[PDB]
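Colleague: Below: the sequence, then the experimentally determined structure.
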Amino acid sequence: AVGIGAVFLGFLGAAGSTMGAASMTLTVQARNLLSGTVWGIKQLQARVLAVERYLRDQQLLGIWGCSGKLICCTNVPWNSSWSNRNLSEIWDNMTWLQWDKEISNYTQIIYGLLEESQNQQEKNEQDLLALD
Amino acid sequence: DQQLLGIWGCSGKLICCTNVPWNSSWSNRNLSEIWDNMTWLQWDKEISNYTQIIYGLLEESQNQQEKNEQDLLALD
Amino acid sequence: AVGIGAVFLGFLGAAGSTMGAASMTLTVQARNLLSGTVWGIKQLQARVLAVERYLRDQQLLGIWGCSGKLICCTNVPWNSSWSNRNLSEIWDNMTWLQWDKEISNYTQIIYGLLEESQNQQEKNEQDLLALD
Amino acid sequence: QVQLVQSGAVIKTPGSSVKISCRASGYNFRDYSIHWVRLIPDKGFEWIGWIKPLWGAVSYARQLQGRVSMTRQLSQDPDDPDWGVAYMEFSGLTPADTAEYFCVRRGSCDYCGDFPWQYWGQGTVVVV
Amino acid sequence: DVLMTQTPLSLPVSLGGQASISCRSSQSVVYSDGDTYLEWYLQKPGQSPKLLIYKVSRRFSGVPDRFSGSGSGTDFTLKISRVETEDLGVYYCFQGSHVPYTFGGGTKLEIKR
Amino acid sequence: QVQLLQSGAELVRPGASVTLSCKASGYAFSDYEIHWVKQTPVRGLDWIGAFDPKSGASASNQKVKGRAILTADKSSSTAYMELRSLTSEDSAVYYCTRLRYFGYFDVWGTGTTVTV
Amino acid sequence: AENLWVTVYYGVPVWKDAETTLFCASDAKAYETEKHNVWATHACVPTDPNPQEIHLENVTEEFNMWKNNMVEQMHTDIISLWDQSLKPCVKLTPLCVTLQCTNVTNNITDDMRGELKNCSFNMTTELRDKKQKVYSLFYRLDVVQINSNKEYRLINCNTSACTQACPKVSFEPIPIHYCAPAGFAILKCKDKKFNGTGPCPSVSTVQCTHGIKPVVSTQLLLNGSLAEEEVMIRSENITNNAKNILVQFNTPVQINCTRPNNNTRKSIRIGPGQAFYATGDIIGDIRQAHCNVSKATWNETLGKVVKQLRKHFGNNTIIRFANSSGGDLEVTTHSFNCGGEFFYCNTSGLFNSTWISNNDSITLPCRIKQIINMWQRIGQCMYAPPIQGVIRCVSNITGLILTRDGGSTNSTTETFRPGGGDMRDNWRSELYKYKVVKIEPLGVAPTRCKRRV
Amino acid sequence: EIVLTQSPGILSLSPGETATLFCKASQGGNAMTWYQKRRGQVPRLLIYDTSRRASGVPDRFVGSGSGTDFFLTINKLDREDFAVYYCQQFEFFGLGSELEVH
Ligand SMILES: *[C@@H]1O[C@H](CO)[C@@H](O[C@@H]2O[C@H](CO)[C@@H](O[C@@H]3O[C@H](CO[C@H]4O[C@H](CO)[C@@H](O)[C@H](O[C@H]5O[C@H](CO)[C@@H](O)[C@H](O)[C@@H]5O)[C@@H]4O)[C@@H](O)[C@H](O[C@H]4O[C@H](CO)[C@@H](O)[C@H](O)[C@@H]4O[C@H]4O[C@H](CO)[C@@H](O)[C@H](O)[C@@H]4O[C@H]4O[C@H](CO)[C@@H](O)[C@H](O)[C@@H]4O)[C@@H]3O)[C@H](O)[C@H]2NC(C)=O)[C@H](O)[C@H]1NC(C)=O
Ligand SMILES: *[C@@H]1O[C@H](CO)[C@@H](O[C@@H]2O[C@H](CO)[C@@H](O[C@@H]3O[C@H](CO[C@H]4O[C@H](CO)[C@@H](O)[C@H](O)[C@@H]4O)[C@@H](O)[C@H](O[C@H]4O[C@H](CO)[C@@H](O)[C@H](O)[C@@H]4O[C@H]4O[C@H](CO)[C@@H](O)[C@H](O)[C@@H]4O)[C@@H]3O)[C@H](O)[C@H]2NC(C)=O)[C@H](O)[C@H]1NC(C)=O
Ligand SMILES: *[C@@H]1O[C@H](CO)[C@@H](O[C@@H]2O[C@H](CO)[C@@H](O[C@@H]3O[C@H](CO[C@H]4O[C@H](CO)[C@@H](O)[C@H](O)[C@@H]4O)[C@@H](O)[C@H](O[C@H]4O[C@H](CO)[C@@H](O)[C@H](O)[C@@H]4O)[C@@H]3O)[C@H](O)[C@H]2NC(C)=O)[C@H](O)[C@H]1NC(C)=O
Ligand SMILES: *[C@@H]1O[C@H](CO)[C@@H](O[C@@H]2O[C@H](CO)[C@@H](O[C@@H]3O[C@H](CO)[C@@H](O)[C@H](O[C@H]4O[C@H](CO)[C@@H](O)[C@H](O)[C@@H]4O)[C@@H]3O)[C@H](O)[C@H]2NC(C)=O)[C@H](O)[C@H]1NC(C)=O
Ligand SMILES: *[C@@H]1O[C@H](CO)[C@@H](O[C@@H]2O[C@H](CO)[C@@H](O[C@@H]3O[C@H](CO)[C@@H](O)[C@H](O[C@H]4O[C@H](CO)[C@@H](O)[C@H](O)[C@@H]4O)[C@@H]3O)[C@H](O)[C@H]2NC(C)=O)[C@H](O)[C@H]1NC(C)=O
Ligand SMILES: *[C@@H]1O[C@H](CO)[C@@H](O[C@@H]2O[C@H](CO)[C@@H](O[C@@H]3O[C@H](CO)[C@@H](O)[C@H](O[C@H]4O[C@H](CO)[C@@H](O)[C@H](O)[C@@H]4O)[C@@H]3O)[C@H](O)[C@H]2NC(C)=O)[C@H](O)[C@H]1NC(C)=O
Ligand SMILES: *[C@@H]1O[C@H](CO)[C@@H](O[C@@H]2O[C@H](CO)[C@@H](O[C@@H]3O[C@H](CO[C@H]4O[C@H](CO)[C@@H](O)[C@H](O)[C@@H]4O)[C@@H](O)[C@H](O)[C@@H]3O)[C@H](O)[C@H]2NC(C)=O)[C@H](O)[C@H]1NC(C)=O
Ligand SMILES: *[C@@H]1O[C@H](CO)[C@@H](O[C@@H]2O[C@H](CO)[C@@H](O[C@@H]3O[C@H](CO)[C@@H](O)[C@H](O)[C@@H]3O)[C@H](O)[C@H]2NC(C)=O)[C@H](O)[C@H]1NC(C)=O
Ligand SMILES: *[C@@H]1O[C@H](CO)[C@@H](O[C@@H]2O[C@H](CO)[C@@H](O[C@@H]3O[C@H](CO)[C@@H](O)[C@H](O)[C@@H]3O)[C@H](O)[C@H]2NC(C)=O)[C@H](O)[C@H]1NC(C)=O
Ligand SMILES: *[C@@H]1O[C@H](CO)[C@@H](O[C@@H]2O[C@H](CO)[C@@H](O)[C@H](O)[C@H]2NC(C)=O)[C@H](O)[C@H]1NC(C)=O
Ligand SMILES: *[C@@H]1O[C@H](CO)[C@@H](O[C@@H]2O[C@H](CO)[C@@H](O)[C@H](O)[C@H]2NC(C)=O)[C@H](O)[C@H]1NC(C)=O
Ligand SMILES: *[C@@H]1O[C@H](CO)[C@@H](O[C@@H]2O[C@H](CO)[C@@H](O)[C@H](O)[C@H]2NC(C)=O)[C@H](O)[C@H]1NC(C)=O
Ligand SMILES: *[C@@H]1O[C@H](CO)[C@@H](O)[C@H](O)[C@H]1NC(C)=O
Ligand SMILES: *[C@@H]1O[C@H](CO)[C@@H](O)[C@H](O)[C@H]1NC(C)=O
Ligand SMILES: *[C@@H]1O[C@H](CO)[C@@H](O)[C@H](O)[C@H]1NC(C)=O
């Protein structure tokens, strides 16, 4: 009576789905990530841990190309030695949980490449608006 | 509040054009009468009943815009 | 063995460098600005002071033209009575610490001019998308 | 440090009952179980039992039931909560029970089991 | 598994008599919307199963003024004033509460003789 | 009009594969779900699973898990099945159905008596 | 097309395990009654109702109840909150005093020992100059003899000043729902046949845990959560013997425990605003408290647990039970609370059996302490006050805690003895379904699209 | 019960050489513990969890194995290392292998 698509649209409802189908609903996981005599200190430090981690994530977005786009095209090529898989096999075969273990080893290279790309883009835009 | 902006089209614009048409059954008032007659306090009671429809329409519009931009930058 | 450029890329590593050379690394100072029985209250109020000051700074950016660009072109002309210095002498002579004392007197004029410029830009964009 | 101090070696008669103490010091005594193990010449090791000193819940070897008994004594002061004493009354003494007895404690690591007996008493020789 | 139990199984009830079927769950049937999702059904031999009630006591349009659901939490009960020849067959409880869905065990209504 | 046109009876030998087709008509097909119910006379009513036409979601319970793959052609409005190596206990009367989001089972299929 | 570009995706469902503090919340009917009736009417929030238990498909999360967290921090939290419900209460510092005890008025036999003593003693009053001779009734287990005459004192006097429980607050369980904070999630194993270790094929996230009523019990854990269809035994390593064997059976065994004495309490003033609740007269027959289970249902559930224990130990195996080997009183037998008074009720009658490979009841006798030393601290005790009238309660035995013996030398029988030990094995029997994970957004992936200039 | 059987018994080798002791268990699936006991002294835990070295154990002691077959290898023996070596699974024990100076 509730329907399968209704609990599909819940929190973490697409963790077993394909990542192409899981891409349709990312705002749900992004929304239940911020809001939700001695014990007030424990709940208070839990709340500030939540907002501080959300700010760390929004800053790591903000130092890249996108501030609030939630889907971010960018300009570093995928080094195919990182995963060596076809496109249509990963967007229709695996989940996100299965993909993260495949790319957990090759990470913090990608983040530095994104920061280098954004620094290069900002200085190129500075030069372009400088000569104009 | 900044996340509810950020899931829509605008992150920090503070004035946000967007792309869902105003269903005129929501308020059925003229333009120049609402921009020159009422306050914001008087308007909110007129649109308090028709809200959370508008927010879902904005999220649907932004999801459609992101997938259309993904397709457009995909074929390029 | 560590190299001079490695500690150049550290936190506050370019405070004695020229501001043109210090402009290459701004994300480091922007990153170590957010994250890092009675004492829990003191550390908790320190953490919320840090995130509240970061939010004040991101709002003062957000009311101007740029939300997360970290380098912001804008559209108010530099009144040359503020500093009366040449371009290539300030981008190759002084640090940022030396520049702030030169512009500490002429500030909160600049912020109001930026807010006026952004309000004018938003109403002009509203009119432009209105006639379209 | 973790120290286990037993009593001296004792000579008993057949049919008697030996009481052997095991003073433990240098850790929170209420947390870790205390095992008892014996060493017989030409027989190797043999396990006797364990005691959990928080309440005193014990478990004995199956072929030693009815003979063995294990008690403990905790430290009740807010100054020395570390030390404690275990005991073993081993009764129904036979001439075969001439052996060296050890009171042992496991390690403190995460992958440590209960039976990887890290710390050892110096041993008490019982001759019947 | 929120496996349902139906008591009793068989009910010989003369035509015009009264009948009541009880069902019990292993968990609460309550969903996040506050509306517990219970659906009382039909089955006749040689035909497809059909609706009777799609909620607690909100019956489907096409049901006369005799059928009603009742109960709370985990224990629920049907109520019929007069048993017809159309009211014969097998009845069923059902949870639409949360995945996996479970049915009951089937209740046959017959006539006293 | 308000129908769930299933296939006929399916005399399928054991060890083979079994498909189905719910060639429904009458309404929009995205807005209504497709679920699958068994009838045995021993147990009564049982489940297979669900396919969501809008989101592409699908699931199957643990007894039917490892066999059933629920797909559908949205243009021709035909549900499908892939059963794999059934038994004589799987010989039952199957039912294509419909749900709404927070709705109820409006329509009921005719029942395919798959007897193995 | 072959020039694949990377794209980040924020808000991605993917997680890892984590250790964080959780947040208690109890049901709103407990909040309908107010102002410190029981603990955490203020320390927890009222729940948002009907918590979102939504199914999650095609997922294989390995669980582990033994290295599980949130049973560690619950064992910390209930101890700390048990201490936080004793600070407003009365200290029994002025009551550590010489007692002049004697036998209660009762038919006396030399062989038999009375469980109660009638102790008179001096006690201070509201006025510091004056004092009063006052008497009470105590159990044998609360008094010891200090050494013609026969004068006693309380046992805890030489180690710790004691704290009376406030009679206003109660000890009954109210169900806690543990809730994950923002940025975490609670997974629940919806699987049926699940020994708490390894893969669970059907997990489901949930907002808050279900109703966890806190029972204090050493053996024979009470008012618990029943299994679905089978009887499931659970251990960390069954071939090991130092790890307990948590048994959970399907149909509960009803236990009826009572105290047939009719106590009268007696308020004794110690100082200004200080009241000590003693025991006045016994009105009626002096009797011994007990518990009752049914013989048929208990032998049936023992048959079930033998049938399930033979899955790990061979079919041609003799399985027998025994009573406890020894220890302190509150581990040799099962302790509980019934309406605000603690029972230590002997279980040598239940666990006496042996099993071959092919309207009665049991009366098992109890004892009552009034001081307790729960979790075995160094300077903490609790004087539980007496309560009026004949006391009885009804509970459903849900599970067990067992222990195998280390049987070498060709042991055919495998005897099983009960043992409480740690309280956490009570708590682990209810958090076997739950684990906690940390939501990690900002997934990154290659696709075919390129950001323009 | 679990019966531990150590194969070599007496092992006579020279100092500086390597050595390999072996134990076999009746029931497979568990860990294995290796103890060192010299002549007339307190015993000493070499290996727990079949491959982990204890505190104060030099890295020349290497544990390995699986199922029923378990290996304890000592590389470049010292004169202190000539002792009796016991295997223990739970409460059971082997009869111990003796290491002797050839
Ligand atoms: C609650 O608090 C109450 C308030 O304190 C408390 O009540 C008091 O308890 C104490 C001890 O139990 C009482 O002391 C005893 O008092 C007995 C009663 O005698 C009084 O009344 C007589 C009138 O009937 C008076 O004549 C008498 O005065 C005479 O005796 C004095 C004795 O020293 C003397 O100094 C005077 O000058 C005068 O000559 C007194 O005022 C008293 O009899 C008793 O002495 C012995 O008698 C008992 C038999 O009747 C024996 O059973 C008892 O044990 C005593 O034996 C002593 O003597 C033996 C022989 O020499 C020794 O072998 C014994 O060991 C023992 O010696 C001890 O006591 C000596 C003092 O008597 C002392 O000098 C020794 O060093 C040794 O320590 C004893 O004095 C007190 O009277 C109570 N007060 C009140 C108001 O009731 C009560 O106990 C608390 N508890 C409860 C549950 O209520
Ligand atoms: C396993 O789970 C079961 C199921 O809950 C549980 O059994 C229940 O135990 C509780 C606690 O022992 C019982 O609650 C007591 O019930 C009696 C009876 O009154 C109730 O029932 C009648 C009829 O059902 C109702 O009409 C009535 O309204 C009550 O609901 C009460 O006398 C008790 O009240 C006293 O204690 C409360 C503690 O908070 C106080 O709030 C209350 O005001 C009473 O205390 C005051 O009065 C006393 C007498 O005047 C006085 O001496 C005190 O000092 C104080 O001033 C209490 O409500 C409940 O009935 C049991 N349910 C069943 C079905 O038996 C098991 O206990 C549990 N197992 C374990 C081990 O915990
Ligand atoms: C635990 O032990 C204590 C020991 O102190 C007991 O307390 C005493 O108990 C006795 C007997 O139970 C009580 O004695 C009775 O007192 C009654 C009330 O006392 C008034 O009347 C007497 C006159 O007798 C006055 O002296 C006194 O000041 C009071 O004004 C009396 O009515 C009783 O008398 C009846 O019984 C006697 C028996 O000999 C008959 O001869 C009489 O005719 C009459 O029928 C009796 O004397 C005593 O009062 C208690 N003391 C205190 C301080 O309370 C506890 O009872 C005991 N508790 C238990 C559970 O065992
Ligand atoms: C304190 O220390 C800092 C750190 O070293 C120091 O700053 C340095 O100053 C020198 C000049 O004094 C800088 O060198 C120049 O920097 C400019 C910056 O744009 C370059 O363009 C220059 O390049 C020209 O010269 C080259 C040969 O020298 C030519 O090949 C080229 O074509 C250009 O014509 C030149 O490199 C140096 O970069 C900075 N370094 C930093 C990190 O800022 C400062 O002077 C010191 N101050 C005091 C008071 O001690
Ligand atoms: C675990 O459960 C998930 C949830 O059901 C399951 O994922 C599903 O897998 C099937 C295939 O195995 C998916 O079906 C396909 O999905 C792709 C996604 O783009 C579609 O393009 C496909 O459409 C083609 O096929 C249609 C007919 O079948 C044609 O008409 C059409 O033109 C296309 O050619 C097809 O629908 C299904 O979408 C997913 N569902 C989700 C929510 O991801 C997964 O396989 C299960 N895994 C395991 C191990 O059990
Ligand atoms: C009682 O039984 C439980 C479960 O039945 C058992 O718990 C497991 O113990 C092992 C240690 O033997 C734990 O360690 C893991 O073991 C797995 C497979 O063995 C591996 O993934 C890891 O070890 C590998 O890596 C090591 C270093 O790289 C190698 O040296 C080694 O040879 C392995 O290849 C990992 O460490 C495991 O986590 C637990 N599991 C659980 C659920 O607790 C326990 O050991 C038994 N008790 C005793 C005393 O034997
Ligand atoms: C605080 O005071 C309490 C009251 O005295 C103490 O509780 C009791 O303390 C005694 C020790 O003095 C414990 O043991 C008793 O000891 C006597 C004599 O001991 C001899 O006999 C035993 C018999 O096994 C033997 O083992 C000894 O070595 C001696 O040879 C016995 O007659 C008793 O039966 C009993 O064994 C008591 O057990 C203990 N009471 C309880 C309820 O445990 C308490 O220890 C004091 N604590 C502090 C910190 O001072
Ligand atoms: C994409 O994958 C290729 C894999 O072939 C990467 O090429 C290899 O990159 C590593 C470092 O990432 C190079 O190692 C380097 O070796 C020199 C030798 O002196 C050392 O000094 C460096 O510190 C570093 O370790 C390796 O040589 C290189 N392979 C070849 C054949 O040159 C490539 O870097 C990957 N692209 C990205 C963006 O990561
Ligand atoms: C487990 O069951 C056994 C037998 O059913 C219990 O053993 C029995 O324990 C009682 C009391 O502990 C013994 O009674 C005697 O009491 C007097 C009191 O003075 C004392 O002097 C004697 O030395 C003895 O303690 C009884 O003899 C004994 N029987 C046997 C055959 O050992 C055992 O207590 C039960 N375990 C628990 C924890 O209750
Ligand atoms: C009063 O109580 C005392 C002890 O509180 C009794 O004295 C001993 O009691 C135990 C059991 O309680 C018996 O085994 C002893 O035989 C008793 N001692 C003697 C010498 O008989 C005493 O019997 C009780 N009754 C009286 C009248 O004093
Ligand atoms: C425990 O006590 C309850 C009473 O609360 C008993 O339940 C009743 O027992 C009588 C038998 O005398 C039956 O006639 C009633 O129908 C029972 N009532 C209910 C609600 O079950 C129960 O039998 C007692 N248990 C034991 C083992 O004695
Ligand atoms: C455990 O159970 C056994 C029987 O299952 C009980 O044995 C009884 O022992 C007495 C001897 O004192 C005999 O008179 C009885 O006939 C025995 N009972 C049976 C049924 O044969 C034993 O009492 C039980 N243990 C306890 C502590 O009660
Ligand atoms: C990731 O790299 C490590 C070596 O740094 C390697 O051990 C591991 O197997 C790699 N993971 C995968 C999934 O290949
Ligand atoms: C809003 O809708 C409600 C019915 O949901 C109605 O009662 C109310 O009058 C409406 N408000 C306005 C301002 O029309
Ligand atoms: C800034 O202006 C103040 C007067 O408001 C003056 O005193 C000060 O010298 C000025 N600073 C500089 C660097 O010129």
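Modeller: Sure thing, it's come through. Residues are numbered from 1 along each chain as shown, chains lettered A, B, ... in the order given. Ligands and ions are numbered 1, 2, ... in the order given.
Colleague: what sits against residue 55?
Modeller: I'll assume chain A. Counting by CB atoms under 8 Å, 6 or more residues apart in numbering or on different chains, residue A:55 makes contact with C:34, C:51, C:54. (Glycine included, C-beta is placed from N, CA and C.)
Colleague: if you could check chain E rather than the one you did, that'd help
Modeller: Counting by CB under 8 Å, 6+ apart, residue E:55 has contacts E:35, E:36, E:37, E:38, E:39, E:69, F:104.
Colleague: swap the cut-off to 7 Å and go again
Modeller: Neighbour list for residue E:55: E:35, E:38 [criterion: CB atoms under 7 Å, 6 or more residues apart in numbering or on different chains].
Colleague: which stretch of helix or strand covers it?
Modeller: Using DSSP states H and E, residue E:55 sits in no helix or strand.
Colleague: ok, residues contacting stretch F:65-72?
Modeller: Outside stretch F:65-72, the residues touching it (CB under 7 Å, 6+ apart) are F:34, F:48-49, F:51, F:53, F:58, F:60, F:78-84.
Colleague: Residue 33: neighbour count?
Modeller: As the question left the chain open, I've gone with chain A. Per other CB atoms under 10 Å in any protein chain shown, the neighbour tally for residue A:33 reads 22.
Colleague: Hmm, no, I was thinking of chain F.
Modeller: If we define neighbours as other CB under 10 Å, then residue F:33 has 23 of them.
Colleague: how far away is the spatially closest residue to it that is not a sequence neighbour from residue G:45?
Modeller: Nearest in space to residue F:33, with sequence neighbours left out and distances taken as CB to CB, 6 or more residues apart in numbering or on different chains, is residue F:99 at 3.8 Å. Look at residue F:99 and residue G:45: by CB to CB, to the nearest Å, they are 35 Å apart.
Colleague: Pick out whichever of those two has more residues nearby.
Modeller: The residue with more neighbours, out of residue F:99 and residue G:45, is residue F:99; 23 against 16, by other CB under 10 Å.
Colleague: Make sure that one is actually in contact with residue F:105.
Modeller: Yes. The pair residue F:99 / residue F:105 is scored as a contact, 6.2 Å apart, by CB atoms under 7 Å.
Colleague: Identify the bridge partners of residue D:117.
Modeller: Applying DSSP bridges to residue D:117 gives these bridge partners: residue D:106.
Colleague: List the contacts of it.
Modeller: D:35, D:104, D:105, D:106, H:45 are the contacts of residue D:117 under CB under 7 Å, 6+ apart.
Colleague: dump the residue contacts of the third one.
Modeller: Read it as residue D:105. D:2, D:4, D:32, D:34, D:117, D:118, D:119.
Colleague: Now, the residues you listed that are in strands?
Modeller: Among these, the subset assigned to strands under DSSP state E consists of D:4, D:34, D:117, D:118, D:119.
Colleague: can you pick the most crowded of those?
Modeller: Highest neighbour count within those: residue D:34, with 27 neighbours (other CB under 10 Å).
Colleague: quick one: that one and residue G:412, what's the gap?
Modeller: For residue D:34, the distance to residue G:412 - CB to CB - is 29 Å.
Colleague: which residue lies farthest from the center of chain A?
Modeller: The centre of chain A is farthest from one residue, residue A:37, which by CA atoms, centre = their mean lies 37.4 Å away.
Colleague: Spit out the contact partners of it.
Modeller: Residue A:37 neighbours (CB under 7 Å, 6+ apart): none.
Colleague: Roughly how far does it sit from chain B?
Modeller: 31 Å (CB to the nearest CB, to the nearest Å).
Colleague: Now do the strands in chain F.
Modeller: Using DSSP E, strands in chain F cover F:10-11, F:17-18, F:22-23, F:34-40, F:44-51, F:58-60, F:72-73, F:78-79, F:83-84, F:92-96, F:112-115.
Colleague: With mean neighbour count and distance to residue C:130 as extra columns, can I get the ones you listed in TSV?
Modeller: Shown next, in TSV, are the strands of chain F (neighbours: other CB atoms under 10 Å in any protein chain shown; distance: least, CB to CB, whole Å):
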stretch	mean neighbour count	distance to residue C:130
strand F:10-11	14	64
strand F:17-18	16	62
strand F:22-23	20	51
strand F:34-40	21	47
strand F:44-51	21	46
strand F:58-60	22	47
strand F:72-73	16	45
strand F:78-79	20	49
strand F:83-84	16	60
strand F:92-96	24	52
strand F:112-115	17	60
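Colleague: picking that back up, so is the residue farthest from the centre of chain A in a helix, a strand, or just coil?
Modeller: With DSSP: H, G, I helix; E, B strand; the rest coil as the basis, residue A:37 sits in coil.
Colleague: tally of neighbours for the residue of chain G found nearest ligand 7?
Modeller: Residue of chain G nearest ligand 7, by CB to the nearest ligand atom: residue G:158 (3.3 Å). Residue G:158: 11 surrounding residues under other CB under 10 Å.
Colleague: before we move on, the earlier item: could you pick out the buried ones from the contacts of residue A:55?
Modeller: C:34, C:51, C:54 (16 or more other CB atoms under 10 Å in any protein chain shown).
Colleague: so what's the residue lying closest to residue G:398 once chain neighbours are set aside up against?
Modeller: Closest residue in space to residue G:398, ignoring its immediate chain neighbours: residue G:224 at 3.2 Å, by CB to CB, 6+ apart. Residues in contact with residue G:224 (CB under 7 Å, 6+ apart) are G:398, G:399, G:429, G:430.
Colleague: Mark which of the residues you listed are part of helices, please.
Modeller: Per DSSP state H, helices hold no members of the contacts of residue G:224.
Colleague: any chance of these in TSV, with distance to ligand 6 and neighbour count too?
Modeller: Output for the contacts of residue G:224, formatted as TSV (distance: CB to the nearest ligand atom, whole Å; neighbours: other CB atoms under 10 Å in any protein chain shown):
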residue	distance to ligand 6	neighbour count
G:398	25	23
G:399	21	27
G:429	18	23
G:430	20	24
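Colleague: quick check, nearest of these to ligand 3?
Modeller: residue G:398 (38.6 Å).
Colleague: got a list of what the closest one touches?
Modeller: With CB under 7 Å, 6+ apart, residue G:398 has these contacts: G:221, G:222, G:223, G:224, G:225, G:226, G:248, G:252.
Colleague: Most neighbours among these, which one?
Modeller: Most surrounded of the contacts of residue G:398: other CB under 10 Å gives residue G:221, at 25 neighbours.
Colleague: I'd assumed residue G:402 was in contact with it.
Modeller: No. At 11.7 Å, residue G:221 does not count as touching residue G:402 under the criterion of CB under 7 Å.
Colleague: picking that back up, out of the contacts of residue D:105, which is nearest to residue G:210?
Modeller: residue D:32 (34.2 Å; CB to CB).
Colleague: got the phi/psi numbers for the closest one?
Modeller: Phi and psi for residue D:32, reported as degrees, to the nearest 10, are phi -100, psi 140.
Colleague: With adjacent residues omitted, what lies nearest to it?
Modeller: Closest to residue D:32 by CB to CB, 6+ apart is residue D:105, at 5.4 Å.
Colleague: okay if I get the contacts of residue D:105 as JSON lines plus distance to ligand 5?
Modeller: Listed next are the contacts of residue D:105 as JSON lines, based on distance: CB to the nearest ligand atom, whole Å:
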{"residue": "D:2", "distance to ligand 5": "51"}
{"residue": "D:4", "distance to ligand 5": "54"}
{"residue": "D:32", "distance to ligand 5": "45"}
{"residue": "D:34", "distance to ligand 5": "50"}
{"residue": "D:117", "distance to ligand 5": "46"}
{"residue": "D:118", "distance to ligand 5": "45"}
{"residue": "D:119", "distance to ligand 5": "49"}
